[PDB]
């Protein structure tokens, strides 16, 4: 069959790009092997946030609630009810996505696709061809090459757990490790986080990882630093012992690898299309998402860019705008992309860290504003939690180049401040907006 545009992968980039293109008169087909929505709807963003919410509820009941007057008994935590509720929600999401593509006249082909040549793909026996092909195949979890690695599960295995384990070890030191560790500890399991060096999120502003370690030390997960995994030993009773290179070891009932992800560009026969990947397996793309072959583009996690659903969506829309809506210089700007980590407490960050700004502009040009305070929600309890916020400003005008914060509210408050950052806000612009009281967000417009 012949289509004007085919996207391989019904994850964030594929779906976004094919719907914008179907809007401009194009005949499109989306191909997906597993479920619509990709990592984000199925084993990523949506199910992670439901599980963050379950943890926040258990913490209100068990940690904070007592000091607010509530003497409560959790009679039963039914893991089955929670997973049946998250699954029903995701099934409603699948049906919505189906309806949108249907409205758009996109032909959805369920099956695994592989290249025959630069303009042809084989899917379920059938051959389909198109003048433009988007590869948006995403990624998959990495696993250390050590003895016993197959005893651990990864973040996809986390979403399939039949019950909450008593003792869990999470290995890794980036976003996924920090969030899964935080959720699982929040839901009651004895939780350990093993990181290789001094702290998790070592690339984030120093304030953020220094504060996360503080919270961890007060309320869990138990953090272990300088921890290089050597081997996992399954024991007689069925538990696992993670052995570390320095001699330390820990026995758990479950071990989750959260050590990075890797592109899923391999069994699709790129060689036949002539598309080049780099040393790490990512499809190499330019500014405009073009591969080296004319007529083939890539967006998303499979290109090595920052792995976030909104980046994949925005690059994918702009791509269909360039191609099918005659906007030749249209493309995504990958700087000042806002991030929120759903840790305990949430992290919100956009723009440069203070080390980055002091390297790029020099100490003499950088002015930093910091605020540290107890989140009000916790201030009336014996489990008080810091909130810490930082503005990084450059030049006499104190143009704002990075906004960082960690504490309750960082999740919802960051977006509007990113718009502001994008417009070129200065300290004065923040300062001349009237605060909203009582909120945490108002601390960014009243820093002194």
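Residue numbers count along the first chain shown, from 1.
Comparing 292-300 with 119-127, the stretch with the higher mean C-alpha B-factor in the PDB entry is 119-127. For the segment pair 326-334 and 157-165, the entry gives 326-334 the higher mean B-factor, averaged over Cα atoms. Of the candidates 253, 307, 205, 359, it is 359 whose Cα B-factor is highest according to the PDB record. Annotation for 34, 388, 383, 53: 34 ranks highest, by Cα B-factor. Annotation for residue 43: C-alpha temperature factor in the lowest third relative to the rest of the modelled chain, per the entry. For residue 234, the recorded CA B-factor ranks within the highest third of the chain. Only modelled residues enter the ranking. Compared with the other modelled residues of the chain, the Cα B-factor recorded for residue 19 ranks in the middle third. Looking at the C-alpha B-factors along this chain, the one for residue 8 belongs to the middle third. Split the chain's modelled residues into thirds by C-alpha temperature factor. Residue 249 is in the middle one.
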